[PDB]
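Notes follow the structure.
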Amino acid sequence: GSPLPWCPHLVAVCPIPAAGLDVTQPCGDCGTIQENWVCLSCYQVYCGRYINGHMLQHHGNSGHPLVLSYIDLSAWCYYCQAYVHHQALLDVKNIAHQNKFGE
Ligand SMILES: O=C(O)CCc1nc2ccccc2c2nc(=O)c(Cc3ccccc3)nn12
Ligand SMILES: [Cl-]
Ligand SMILES: [Zn+2]
Ligand SMILES: [Zn+2]
Ligand SMILES: [Zn+2]
């Protein structure tokens, strides 16, 4: 489609845990190491919809809106049904990028 420069769910993006991110963390439900996302509200890690859809499940059972892909570090908002680019996402995207690419 077309990514958004903002969305009304950015307010749900929470502080990154001091433990940091582990981009190789497995899905908290199924333990897959593939195509995981991290929830930008509670930082639980769950798999994408092309694996077992545990992140989508987490959205449904928590309402948490925004998730970050450990594949390509894009942010998707489940409510807006769009990718979102915004300043509020840069820190988490960068901590993820550093952990991922060994920076
Ligand atoms: O997998 C998740 O749970 C999080 C990501 C996700 N969830 C959805 C849930 C319901 C309806 C639509 C989507 C959705 N549509 C998309 O285009 C994208 C981006 C994208 C991903 C992969 C290849 C190309 C584009 N992510 N996306
Ligand atoms: Cl912590
Ligand atoms: Zn899973
Ligand atoms: Zn969450
Ligand atoms: Zn949104």
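All heavy atoms count here, side chains included; hydrogens, waters and symmetry mates do not. Residues: numbered from 1 along the sequence shown.
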Please test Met55 against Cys39 for side chain to side chain contact (heavy atoms under 4.5 Å, CB included), starting from the C-alpha separation and ending with a verdict. CA-CA 8 Å; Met55 189 58 83; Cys39 181; 4.1 Å; yes

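Taking all atoms of both residues into account, the shortest heavy-atom contact from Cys80 to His9 is SG-ND1, 3.5 Å. Considering every non-hydrogen atom in both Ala12 and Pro65, the closest pair reads CB-CG, 3.3 Å. Across every non-hydrogen atom of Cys77 and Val84, the tightest pair is CB-CG2, 4.1 Å.
Taking the side chain as every heavy atom from C-beta outward, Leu56 and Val67 never approach each other to under 4.5 Å. Considering only heavy atoms from C-beta on, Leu66 comes within 4.5 Å of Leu10 through its side chain. Within the 4.5 Å cutoff, the side chain of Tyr43 has heavy atoms near those of the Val92 side chain. Using a 4.5 Å heavy-atom threshold, the side chains of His97 and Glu103 count as touching. A 4.5 Å side-chain heavy-atom check between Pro5 and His86 finds every atom pair outside the cut-off.
The structure places CG of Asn36 at 8.5 Å from CD1 of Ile71, a figure rounded to the nearest 0.5 Å. Note that CG of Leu40 is 14.0 Å distant from CH2 of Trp76, once rounded to the nearest 0.5 Å. Once rounded to the nearest 0.5 Å, the distance linking NE2 of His85 with CG of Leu4 reads 9.0 Å.
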Listed pairs under 3.5 Å, donor-acceptor, residues 14-33 side chains, sequence neighbours left out:
unit_1 : atom_1 : unit_2 : atom_2 : d
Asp22  : OD1    : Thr24  : N      : 3.1
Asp22  : OD1    : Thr24  : OG1    : 2.8
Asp29  : OD2    : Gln57  : NE2    : 3.4
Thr32  : OG1    : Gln34  : N      : 3.0

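Residues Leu68 and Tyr83 are members of separate hydrophobic clusters, defined by side-chain heavy-atom contacts under 4.5 angstrom among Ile, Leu, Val, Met, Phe, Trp and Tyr.
Although no hydrogens or angles enter the test, the distance criterion places no donor-acceptor pair under 3.5 Å between the side chain of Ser69 and the main chain of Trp37.
Atom CD of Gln81 has 12 or fewer neighbouring heavy atoms from other residues, nucleotides or ligands inside a 6.0 Å radius.
Applying the ring-ring contact (aromatic ring centres under 6.0 Å, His included) test to every pair with at least one member in residues 52-71, sequence neighbours left out, gives these pairs: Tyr46-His58, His58-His64, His59-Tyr78, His59-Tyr79.
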